[PDB]
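This report refers to the structure that appears directly beneath it.
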Amino acid sequence: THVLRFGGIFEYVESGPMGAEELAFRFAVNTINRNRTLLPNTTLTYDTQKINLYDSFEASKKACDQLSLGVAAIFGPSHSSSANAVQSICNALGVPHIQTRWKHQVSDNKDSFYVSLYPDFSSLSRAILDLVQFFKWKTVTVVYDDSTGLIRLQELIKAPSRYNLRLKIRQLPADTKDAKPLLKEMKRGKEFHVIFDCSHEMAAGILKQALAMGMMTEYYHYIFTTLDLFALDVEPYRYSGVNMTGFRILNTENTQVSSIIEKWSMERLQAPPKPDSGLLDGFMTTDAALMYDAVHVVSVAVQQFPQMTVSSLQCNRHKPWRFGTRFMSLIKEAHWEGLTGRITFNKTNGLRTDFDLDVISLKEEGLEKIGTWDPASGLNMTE
Amino acid sequence: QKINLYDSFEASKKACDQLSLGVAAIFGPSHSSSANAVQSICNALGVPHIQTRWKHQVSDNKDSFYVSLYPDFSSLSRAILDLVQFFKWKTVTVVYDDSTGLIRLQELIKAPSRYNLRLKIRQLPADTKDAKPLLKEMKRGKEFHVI
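Going down the list, the protein sequences come from chains G and F.
Position in the first sequence (from 1) plus 32 gives the number in full-length UniProt numbering.
Position in the second sequence (from 1) plus 80 gives the number in full-length UniProt numbering.
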């Protein structure tokens with residue numbers, strides 16, 4: 033019957049195996065094909081290209097090749113520089129660029145052929161601050177990894193002039209093994225209330241150092257910026273009495289979503305897990321649930337545009353895709369219940385600014401839900 | 081070659097044209113996204129890319145065919161802090177324009193845990209004409225010392 037091709041560009045270091053993102057992409061396409069409610073008369077196909085991390089030149093070439101083969105959208109690469117380059121190309125040839133990861137939005141940048149499935153920083157920033165205020169903290173130490181961490185917490189950093197929060201800002205070193213000296217200063221400083229802004233792999237690492245340092249006890253409360261908090265091996269810490277609170281956008285309470293995350297673990301967990309990681313093996317991370325959701329949301333849009341077909345476009349020529357403008361518009365209007373909850377983009381900038389978070393905390397039983405957050409309600413804690 | 085601001089695609093094309101004419105270096109464009117794209121190209125073809133403006137350095141980025149004549153942020157950050165400490169300020173309000181402002185002052189923002197500076201962080205609005213309400217808060221707040 034009818035057929036439509038998507039492009040995929042996935043970043044990696046060294047060689048195989050496949051990464052979580054490229055895997056979720058493929059997995060979403062195979063699943064949707066078998067669904068008879070979604071794209072009934074339509075069958076999805078794809079080209080996948082692999083590139084080095086941070087080689088925007090290579091990302092450009094591969095994107096141009098794909099636009100030449102003909103594709104209805106490029107689920108372009110993840111990291112800032114390659115992603116900005118594929119986005120500019122996609123904008124010139126009017127093919128939608130689908131992003132899954134946050135990158136810094138420049139105001140005076142006029143690109144309009146992209147949406148981003150990642151929960152925007154502005155909203156996450158607010159939900160961190162909302163949580164802090166609910167715990168009634170007046171003192172807090174924000175610890176971040178790299179520069180862009182600062183930007184994710186700007187709403188929080190600017191609070192000390194409106195509300196009554198004194199706050200200290202510290203930076204992690206490159207390696208978490210180097211983090212004892214920093215933790216010792218916090219300990220002497222009696223900095224019991226701490227927000228860690230950093231990847232979940234950094235967070236697994238910094239917790240081990242915190243245990244070594246006598247800082248996983250009832251005296252300490254840690255808020256985690258990472259959405260992959262639920263991926264942390266928490267077996268070493270749940271008996272200790274520390275408080276760990278963070279957020280989760282992956283909708284694991286829904287039974288339909290749990291069964292999907294499982295089928296994933298079977299084809300994935302089948303491959304390399306690590307012992308000294310401090311992460312659960314075969315948990316579906318957020319980077320990958322978002323890619324899988326992106327392939328669905330875009331498909332909901334394809335259903336509403338049966339006329340559309342792919343064209344072989346050349347980066348040489350300034351001739352855009354006929355159907356681009358209309359397709360991009362359908363994607364931004366789209367609505368979908370996926371692995372990560374309500375998906376809905378912002379009319380204005382195509383950023384995902386409205387979404388639903390579960391709020392999770394460490395109880396002795398493990399990490400469990402204790403409320404919700406959404407930008408219009410603030411917290412809905414269930415005391 | 082002249083290009084639009086923020087069109088990294090056009091910057092790529094023009095850089096490729098120039099490498100085709102033949103050039104010993106590209107004094108590539110100023111702004112982050114176009115500059116990163118011309119730098120990646122210059123790195124693949126081993127022609128030096130000469131920059132004049134700061135852009136955020138990613139650690140795990142392996143490009144080596146570029147130098148930047150702009151005074152690095154790390155050093156400027158320190159010199160701001162050095163000056164504040166010479167004026168013996170214990171209170172200071174940092175006012176920044178856009179996100180990347182934060183990064184240029186990180187050395188300063190992390191000082192309140194080592195030295196004795198309490199500090200308040202405020203952001204300007206898009207337009208300075210919109211800035212009276214912000215300045216009124218600083219005035220009521222007795223924020224006399226301001227970066």
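Quick reminder that beta carbons are idealized off the backbone N, C-alpha and C, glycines included.
(request) Output yes or no for whether 8 Å exceeds the beta carbon distance between residue 113(G) and residue 92(F). (result) no
(message) Tell me which residue opens and which closes the beta strand (DSSP E) that residue 151(G) is part of.
(response) 146 to 151
(message) By the DSSP assignment, the alpha helix (DSSP H) with residue 62(G) in it spans what residues?
(response) 52 to 66
(request) With distances taken Cα to Cα, identify the nearest neighbour of residue 151(G) among 414(G), 407(G), 387(G). (result) 387(G)
(request) Figure out for me which residue from 203(F), 208(F), 196(F) has the closest Cα to the Cα of residue 193(G). (result) 203(F)
(message) Rounded to whole angstroms, what is the Cα-Cα separation between residue 346(G) and residue 366(G)?
(response) 28 Å
(request) Compute the distance between the beta-carbons of residue 117(G) and residue 139(G), then report whether it is under 8 Å. (result) no
(request) Indicate whether the contact test is met: 3 or more Cβ pairs, each with one atom in the stretch 92 to 112 of chain F and one in the stretch 396 to 407 of chain G, closer than 8 Å. (result) no
(message) Please tell me whether residue 206(F) and residue 197(F) are closer than 8 Å, where the distance is taken between their beta carbons.
(response) no
(message) With a threshold of 8 Å between beta-carbons, can residue 136(G) be considered close to chain F, or not?
(response) yes
(message) Taking 7 Å as the limit between beta carbons, can you name the residues of its chain near residue 313(G), skipping five residues before and five after?
(response) 301, 305
(message) Taking only three categories from DSSP, how would you classify residue 374(G)?
(response) strand
(request) Please report how far the alpha carbon of residue 106(G) lies from the alpha carbon of residue 332(G), in whole angstroms. (result) 16 Å
(request) Give, in chain order, every unbroken run of the beta strand (DSSP E) that is at least 3 residues long and sits entirely within the stretch 347 to 399 of chain G. (result) 367 to 370, 373 to 376, 389 to 395
(message) Report the CB separation of residue 226(G) from residue 164(G) in whole angstroms; it is logged as a contact under 8 Å.
(response) Actually they do not touch by this definition, with Cβ atoms about 11 Å apart.
(message) Quick check on DSSP: helix, strand or coil for residue 176(G)?
(response) strand
(message) I need the straight-line Cα distance from residue 64(G) to residue 328(G), nearest angstrom please.
(response) 7 Å
(request) Quickly, what does DSSP pair residue 171(G) with across the bridge? List them, please. (result) 198(G)
(request) Look at the alpha carbon of residue 176(F) and the alpha carbon of residue 161(F), and state the distance between them as a whole number of angstroms. (result) 15 Å
(message) Using only CA atoms, which one of 382(G), 36(G), 199(G) lies nearest to residue 362(G)?
(response) 382(G)
(request) Report, in whole angstroms, the separation of the C-beta atoms of residue 35(G) and residue 77(G), which I expect to be a contact under 8 Å. (result) 6 Å
(request) Tell me, please, whether the stretch 237 to 244 of chain G touches the stretch 182 to 191 of chain G by the rule of three or more beta-carbon pairs shorter than 8 Å. (result) no
(message) Measuring straight from C-alpha to C-alpha, what distance separates residue 51(G) and residue 59(G)?
(response) 12 Å
(message) Extract the residue ranges of the alpha helix (DSSP H) inside the stretch 91 to 162 of chain F, only unbroken runs of 4 or more that lie entirely within it.
(response) 112 to 124
(request) Taking only beta-carbon positions, decide if residue 120(F) is within less than 8 Å of chain G. (result) yes
(message) Considering only the alpha carbon of each residue, which of 289(G), 229(G), 244(G) lies closest to residue 261(G)?
(response) 229(G)
(request) Name the two residues that bound the continuous alpha helix (DSSP H) containing residue 255(G). (result) Looking at the DSSP string, residue 255(G) is not in any alpha helix (DSSP H); the run it does join, the beta strand (DSSP E), is 253 to 256.
(request) Check each residue of the stretch 136 to 167 of chain G: if its Cβ is closer than 8 Å to any Cβ of chain F, include it; give the result in chain order. (result) 136, 138, 139, 140, 141, 142, 143
(request) Compare the C-beta of residue 116(G) against all C-beta atoms of chain F and say whether one is closer than 8 Å. (result) yes
(message) Tell me which residues share the same chain as residue 270(G) and place their Cβ nearer than 7 Å to its Cβ, disregarding the 5 neighbours each side in the sequence.
(response) 394, 396, 398
(request) Give the straight-line distance between the Cα atoms of residue 37(G) and residue 211(G), rounded to the nearest whole angstrom. (result) 47 Å
(message) List, in chain order, every chain G residue whose beta-carbon is nearer than 7 Å to that of residue 203(F).
(response) 190
(message) Going by the DSSP bridge assignment, what does residue 271(G) pair with across the sheet?
(response) DSSP, once it has assigned bridges, lists no residue as partnering residue 271(G).
(request) Assign residue 234(G) to one of two classes, buried (16 or more other C-beta atoms within 10 Å of its C-beta) or exposed (fewer than that). (result) buried
(request) Please name the residue or residues paired with residue 84(G) in a DSSP beta bridge. (result) 44(G)
(message) Taking 8 Å as the threshold (C-beta atoms), are residue 373(G) and residue 281(G) in contact?
(response) yes
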